[PDB]
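Residue numbers (the entry's author numbering), protein chains in the order written: chain J, 705 to 728, 733 to 744, 753 to 764, 796 to 842, 879 to 968, 979 to 1001, 1007 to 1016; chain K, 268 to 287, 301 to 422, 446 to 503, 508 to 630, 638 to 656; chain k, 3 to 40, 45 to 54, 60 to 67, 72 to 86, 101 to 173, 183 to 221, 224 to 276, 288 to 306, 314 to 367, 372 to 402, 416 to 445; chain j, 3 to 40, 45 to 54, 60 to 67, 72 to 86, 101 to 142, 144 to 173, 183 to 221, 224 to 276, 288 to 306, 314 to 367, 372 to 402, 416 to 445. To keep things clear, I will list the structure first and then write my remarks on it.
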Amino acid sequence: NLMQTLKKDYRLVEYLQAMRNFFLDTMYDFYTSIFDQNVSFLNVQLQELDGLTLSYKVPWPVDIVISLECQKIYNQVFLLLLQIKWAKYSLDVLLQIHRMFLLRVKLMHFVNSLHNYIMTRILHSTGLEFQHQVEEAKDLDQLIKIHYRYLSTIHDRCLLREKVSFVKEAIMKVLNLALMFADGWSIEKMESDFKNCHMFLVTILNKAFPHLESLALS
Amino acid sequence: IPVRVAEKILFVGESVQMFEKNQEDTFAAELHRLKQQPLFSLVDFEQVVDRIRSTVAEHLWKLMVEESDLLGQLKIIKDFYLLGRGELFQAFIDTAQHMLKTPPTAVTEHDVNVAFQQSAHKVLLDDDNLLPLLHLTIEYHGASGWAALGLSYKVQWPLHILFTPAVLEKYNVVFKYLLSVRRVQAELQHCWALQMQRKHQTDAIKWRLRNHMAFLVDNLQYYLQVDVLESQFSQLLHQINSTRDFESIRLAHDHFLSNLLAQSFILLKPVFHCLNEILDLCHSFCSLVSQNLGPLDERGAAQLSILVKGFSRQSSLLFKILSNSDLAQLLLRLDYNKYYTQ
Amino acid sequence: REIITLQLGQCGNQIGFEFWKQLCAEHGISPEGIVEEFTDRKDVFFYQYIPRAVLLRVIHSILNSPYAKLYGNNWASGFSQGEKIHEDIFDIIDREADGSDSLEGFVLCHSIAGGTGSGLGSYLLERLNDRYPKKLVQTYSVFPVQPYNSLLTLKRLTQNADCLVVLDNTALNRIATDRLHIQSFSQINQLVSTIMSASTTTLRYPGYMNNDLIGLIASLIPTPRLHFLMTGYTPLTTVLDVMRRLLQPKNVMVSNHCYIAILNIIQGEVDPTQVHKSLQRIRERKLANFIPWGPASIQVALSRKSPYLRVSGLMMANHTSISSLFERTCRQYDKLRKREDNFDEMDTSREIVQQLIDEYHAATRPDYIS
Amino acid sequence: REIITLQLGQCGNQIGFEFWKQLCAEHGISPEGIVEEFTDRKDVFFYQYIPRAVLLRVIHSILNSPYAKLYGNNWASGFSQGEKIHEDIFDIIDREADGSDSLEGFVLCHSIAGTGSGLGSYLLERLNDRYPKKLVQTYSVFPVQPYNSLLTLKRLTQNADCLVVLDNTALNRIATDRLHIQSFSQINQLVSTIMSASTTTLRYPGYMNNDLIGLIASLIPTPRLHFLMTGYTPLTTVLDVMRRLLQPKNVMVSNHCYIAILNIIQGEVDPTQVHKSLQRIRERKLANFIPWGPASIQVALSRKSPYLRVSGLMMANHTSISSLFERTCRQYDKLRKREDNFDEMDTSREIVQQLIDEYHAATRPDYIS
Ligand SMILES: Nc1nc2c(ncn2[C@@H]2O[C@H](COP(=O)(O)OP(=O)(O)O)[C@@H](O)[C@H]2O)c(=O)[nH]1
Ligand SMILES: Nc1nc2c(ncn2[C@@H]2O[C@H](COP(=O)(O)OP(=O)(O)O)[C@@H](O)[C@H]2O)c(=O)[nH]1
């Protein structure tokens, strides 16, 4: 009965679907304005390097499900996702002279491949399974568990919890190449770095726990 | 027994006492049938009372509208209490202006009632009905006159169950705040007509560069009011024409008024304490420019430079207060993206 | 607070009658100026029923209409006549002022191109500022030897008329062909009356604000120089639907650049809750450019259509692109100056209008102040 | 961020109208431009509903259709007539460009086979003049004709931001093979399907590819190599689709290698099997890429119109497109020595020679320098 009157009209399930939707279209126009700050400027933009803490308002009937320490994890993946959209869009909005373009495809590929991995293979695989699971909710408690077994696993596949200075930092430092090369628009000294860090990336990730091979091809 | 159904009972009884076919015997037998049930089931006690409430309310709604021209009284309320007939109150201010700026005394109570009565006849609005029901009061001996002005309404008998002196009290508070902003915009518009009249000093432009600035802070503050009055009123007028129950009216109307205290930024102290300073600060400005016929030379320009040092800060101060419903106010204030520079 | 209306010139006397037959039709007023049986505040334009009009060959055409009981071509020639009937007409004007309770403004309908208008309309604006100094003088002037009559008049409208609305016949004749398919004067005037009628909608019906002519103009004109406006009439359905058609220059009667302030008038029964939703998407799309120097906003107002007679719409625009129309005229003026008692008044008039076009071109800069 | 369409000549007006037919058929918009009761963000391709269409003899035919509520033969001939109405048409563009909140692109449907090729040549040089921050994509259609064709190439080689070839001969082949017709009114039925399915990710929002610049720039390695060819086999798992796509029987083009592949999947397929399909494509190695740059294949998921079964579209950047140019090029050298300055025709022949000579070098292990 509760779920029935919650599709229209304390629909906890309806609120949950919107949650993972207003981040992870609409949010495309939002970030593009940030590319070209102030704390009130953003709000009117939203209502229309690593910060932007986002929160939301949840009614008591669903407060027990979407806890307070649950907001931060949902915020954690949102921060990292934007940096990927940033590098992906920064190298995309523009259009030994032509030699720079060979450094573009050699790079615009790599960030693009990673983005195809986090969103599709992870942020849409477990998402498709999670919805098929919540529709069979039969308990107050287990609905927390099926939910808590969705964040603590999506925070592991997306490598953000541990092995950060061992693996995650590598993707982080090469992301700085997406910033440096974007502004300039020394060239030889980039591929010496790029061919090194990229090989550093594969020769480190080569230890593969098993799901990392879906990107290890490149 | 829940307190809700207790509110239903008292209404049906008072509505017949004040009132002094087939709807009588049927209610008797139902009351008697309940006494034979060896179990008092609360789900059934309400099942018969809710029909009786909706029965006397339906017939009363007929007498309150069709023969006697609840909706009609509500329209009168929205007019005079909520400044619905705003044109009447600008001519009322034009006449009852000098007899209110001085501190109020025991005679100004009646000195203004003849002005208000003269105001309704001044806009050819003539009705011996509903005119003597509005008697302006002055809270005297327990300060400018506007700080004690009030408007009372003598409710009829059938509507006394819905209009207690308490609900007519919260209405009175709104009438004071809405009349205040309507007063400052009027005298401010007169200043606009004073600069335009003075078409042919280098410092003479500093007035309108601040006047037109201080005009948008009040005019837009005076907007969002038709977008909160003519909108909430559109819902309350809908809630009655949909439900046949009387309890719905007593809660929807009580809910309708509660929004006016919140949406109109009255209960929230900070927004109520910030724009409050814009009111009396503007009084000094419009008075200063009207208190002279030439340029502000003898320390007048030395006085204008004092308010701008306070007002311009308050402009950015409210900009920080904004950054639930303030978007409906900030959208109009920043559609031109000027406050982004402050 | 009543508004006495004056009508001069053939064009002015013609549009007024079509403005009058339109207004009395919206109310329950018979052509015999008597109420018919069939809330609407009717005091602003009518005296207790007679309209507060002063009409100044064409008069015969008006008295022959069933509305009878309702009451040369050179700039120098028109003015000379004015000073000769100076005393005669003012007693007509003065008696109407004392008759009103609290006179507020002066609506005037005249054409700069019209000789009588270029001679008699110009003379009144100087006398009106002399006799009554505390009364606004707003005119519904309409742009069309022809350039001479135009520029000489603009010299007065920039210092006497504290407000003004321009109606260009070129764009009007254009709109007649594309969306009306007429090809005369008798057809284009139909749309002219629609503008003036909806322009004074908020005054004739009791509302919350906008209960005086000052209530509309003061938000538009910030400075005594920037005193030119423009109109736009869309219907020739939600609140967001009507606004997107306003800002299109395809309907505005006109032939960087940015506005100053916008006033929107809605005559329908639309739900007033979603109007704040419409403005948000407009700011998101950024369909109109604004001034960065001073605080400005976009406004909207609601009213009720005449029941005795569906959503309409009228917009009041203060655009700097209107300066171009002046340049075109003054350009032709300089063209006739080099091809053809003192010939000096026409010289200073060219200089003072140079300040106006300068003020607008300097208004679209981040440093318009000083 | 919206995209405005422009239909030029009999061809462009024909292909656009049918495309606007099916697009209005897919969306829940009745032919009378009135919403039907019966999830889709349509502000990019519709204005509140009137399409942002700029049409340019066939005008009578469009009006005669019940969709009236929805709004010589020389190349130098078209070029002259375009300057004559320079401000005549650009006011319609400007009233809509400035009438659009934030314009994003410029799609063009035109045939370079008579006057639309000349007028189209006029728009490109003109659009680059005024709008420097606006994308220009052209859905040009290919087959005295060699002349008009080669000039439009010279203009399209440096003006347009992208290009999608649509040759009639290859389209003529599909007309008989899988349809058994032998008609102009029938071949375009596929062209509209090619157009509509191309922008499905933009009309139905998803996670990736929320802007047209997001799709194209993944393919184009350098602004010189901005020529694309498409694929549409469905006329079944994710692996069945892509393998059906690489067969040259389906490609709409009449050593060599690819540059990059972008795929569109519109069915109800599962995102669990797509990453494995790419592997079997690599292991079995049904296609080769450039030897210099590490090339990738991309594929996107979408949602079919509910108001309307697994279908798919393929976009390709294949260096075999050079052969198509060389044919008309040979045809030009044929009529040049066979029959007031006649000098611009040589300038066009020089630049198109550059692009071809870059194709042949683009597929070599030493594309650098
Ligand atoms: N909009 C409009 N303009 C008019 C009308 N009648 C005349 N005009 C304008 O008046 C100008 C001609 O002036 P004219 O009537 O000869 O002046 P008069 O000889 O002093 O009356 C033309 O340029 C017209 O644009 C009318 O009915 N409507
Ligand atoms: N595939 C295809 N080609 C077309 C169609 N309509 C016209 N064409 C081509 O367009 C060319 C003629 O273009 P034309 O009518 O002269 O363009 P215009 O000079 O601008 O009017 C021919 O070579 C046709 O092959 C169509 O519906 N489908």
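Think of the CB as a built atom: it goes at the ideal place given N, C-alpha and C, for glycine as much as any other residue.
TODO: Give me the Cβ distance between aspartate 200 (chain j) and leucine 165 (chain j), rounded to the nearest whole Å; I'm assuming they're in contact under 8 Å.
DONE: 5 Å
Open item on the list: List, in chain order, every chain K residue whose beta-carbon is nearer than 9 Å to that of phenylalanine 757 (chain J).
Closed with: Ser630 and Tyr654
Task: Cβ distance (whole Å) where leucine 192 (chain j) is taken to contact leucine 210 (chain j) below 8 Å - done: Incorrect: roughly 19 Å between the Cβ atoms, too far for contact.
Open item on the list: Please classify residue 978 (chain J) as buried or exposed, where buried requires at least 16 neighbouring CB atoms within 10 angstroms.
Closed with: A gap in chain J, from 968 straight to 979, means residue 978 (chain J) has no coordinates in the model shown.
Task: ligand 2 heavy atom lying under 7 Å from the CB of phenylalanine 225 (chain j) - done: yes
- [ ] Check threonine 509 (chain K) in the structure and name its three-state DSSP category.
- [x] helix
Task: Interface flag, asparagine 251 (chain k) vs chain K, CB-CB below 8 Å - done: yes
Task: Between the CA atoms of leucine 567 (chain K) and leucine 362 (chain K) - distance to the nearest angstrom - done: 10 Å
TODO: Would you list the residues sitting across from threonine 271 (chain k) in a DSSP beta bridge?
DONE: k:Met378
Open item on the list: What does the Cβ neighbour count give for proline 185 (chain k), buried or exposed, with the cut at 16 atoms within 10 Å?
Closed with: buried
- [ ] Have a look at K:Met499, K:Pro383 and K:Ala559 and flag the residue whose alpha-carbon is nearest the alpha-carbon of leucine 543 (chain K).
- [x] K:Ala559
Task: Span of the beta strand (DSSP E) around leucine 452 (chain K) - done: 452-456
- [ ] Enumerate in chain order the residues of its own chain whose CB-to-CB distance from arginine 515 (chain K) is below 6 Å, with the five nearest sequence positions on each side excluded.
- [x] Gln498
Task: Residue-chain proximity (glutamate 945 (chain J), chain k), Cβ-Cβ < 8 Å - done: no
- [ ] Return the residue from the list k:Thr196, k:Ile118, k:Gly14 and k:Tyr273 that minimises the CA-CA distance to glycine 143 (chain k).
- [x] k:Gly14
Open item on the list: Once DSSP output is grouped into helix, strand and coil, what is the label at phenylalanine 286 (chain K)?
Closed with: coil
Task: Cβ-Cβ separation, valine 824 (chain J) to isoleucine 937 (chain J) (assumed contact under 8 Å), whole Å - done: 7 Å
Open item on the list: Quick check on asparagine 705 (chain J) - is its C-beta less than 8 Å from some C-beta in chain j?
Closed with: no
Task: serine 1016 (chain J) versus J:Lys956, J:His892 and J:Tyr931, residue with shortest Cα-Cα distance - done: J:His892
Task: Contact set for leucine 157 (chain j): own chain, Cβ-Cβ below 8 Å, skip 5 residues either direction - done: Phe135, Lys164, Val166 and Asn198
Open item on the list: Output needed in chain order: residues of the region 433-444 of chain j with a Cβ under 9 Å from some Cβ in chain J.
Closed with: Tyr443 and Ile444
Open item on the list: By the three-class DSSP mapping on this structure, what secondary structure does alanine 438 (chain k) have?
Closed with: coil
Open item on the list: Starting from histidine 219 (chain j), trace the beta strand (DSSP E) in both directions and tell me its first and last residue.
Closed with: Note, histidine 219 (chain j): premise wrong, no beta strand (DSSP E); not H, not E.
- [ ] Mind checking which residues open and close the beta strand (DSSP E) that includes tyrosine 317 (chain j)?
- [x] 317-324
Task: Element boundaries [alpha helix (DSSP H), containing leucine 603 (chain K)] - done: Unbroken run through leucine 603 (chain K): none, as it is neither H nor E.
TODO: Closer than 8 Å by beta-carbon distance: list the chain J residues that pair up with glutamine 338 (chain k), in chain order.
DONE: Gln763 and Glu764
Open item on the list: Considering Cα atoms alone, identify which of k:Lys363, k:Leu276, k:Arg265 and k:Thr145 is closest to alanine 437 (chain k).
Closed with: k:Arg265
- [ ] Give a single yes or no on whether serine 140 (chain k) has its beta carbon closer than 7 Å to a heavy atom of ligand 1.
- [x] yes
Open item on the list: For a contact defined as C-beta to C-beta under 7 Å, what are the partners of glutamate 342 (chain k) on chain J?
Closed with: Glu764
Task: For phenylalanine 21 (chain k), the three-state DSSP class (helix, strand or coil) - done: helix
TODO: Rank j:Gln24, j:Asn417, j:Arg3 and j:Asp416 by C-alpha distance to the C-alpha of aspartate 733 (chain J) and give the top, closest one.
DONE: j:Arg3
Task: Residues near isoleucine 432 (chain k) by beta carbon distance below 8 Å, same chain, minus five either side - done: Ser385, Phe388, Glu389 and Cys392
Open item on the list: As a quick exercise: from j:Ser445, j:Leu149 and j:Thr242, pick the residue whose alpha carbon is nearest that of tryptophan 351 (chain j).
Closed with: j:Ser445
Task: Sequence-distant residues of its chain with Cβ nearer than 6 Å to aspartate 396 (chain j) (five each side left out) - done: none
Task: Residues, ordered as in the chain, of the region 879-892 of chain J that lie near chain K by beta-carbon distance below 8 Å - done: none
Task: Proximity test, Cβ basis, 8 Å: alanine 346 (chain j) and chain J - done: no
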